[PDB]
Structures are given as C-alpha cells and as structure tokens.
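Participant: Using the deposited numbering, read the sequence shown as starting at 1594 and increasing by one per residue. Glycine included, each C-beta is placed from N, C-alpha and C at the ideal position.
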Amino acid sequence: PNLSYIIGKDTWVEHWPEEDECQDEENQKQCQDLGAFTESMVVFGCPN
C-alpha cells in the first residue's frame, strides 16, 4: 500500500482556483469549465 504516484510528461497538472478565487474574470471561465466537466465526464462518460 506504499504506492506513490509519479509526475511525468503524460500527466498534465492544472491548479483549480478556490471558490473565492473563482470570482476573478480570468479564472471565472476556467472555473465554469471545470465545474461543467466534473459533471459531464462523470455522468455521460466519454465519447470514446
């Protein structure tokens, strides 16, 4: 159970701004897209 994940080129890491930080105009679009995706990719799966 000592598994530790490895960061690589295939792995893309993006910071998710918090609810307070989501009020920013630049971050608002990213927050909305992440929130929509969190439900879409979880319920509808993926086309492939």
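#1: Helix, strand or coil for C1639 per DSSP?
#2: Is it the case that the Cβ atoms of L1627 and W1609 are separated by a distance below 8 Å?
#3: So what does DSSP say about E1612, is it helix, strand or coil?
#4: Considering only their Cβ atoms, is the gap separating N1620 from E1614 smaller than 8 Å?
Facilitator: Short version:
#1: For the purposes of this step, residue 1639 is taken as residue 46 along the sequence shown, with counting starting at 1. Residue state, collapsed to three classes: coil.
#2: In the sequence shown, counting from the first residue as 1, residue 1627 sits at position 34. In the sequence shown, counting from the first residue as 1, residue 1609 sits at position 16. Yes; because the gap between Cβ atoms is below 8 Å, this pair is in contact.
#3: Mapped onto the sequence shown, residue 1612 falls at position 19. Three-state DSSP puts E1612 in coil, outside helix and strand.
#4: On the sequence shown, position 21 is the one that residue 1614 refers to. On the sequence shown, position 27 is the one that residue 1620 refers to. Taking 8 Å as the Cβ cut-off, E1614 and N1620 qualify as a contacting pair.
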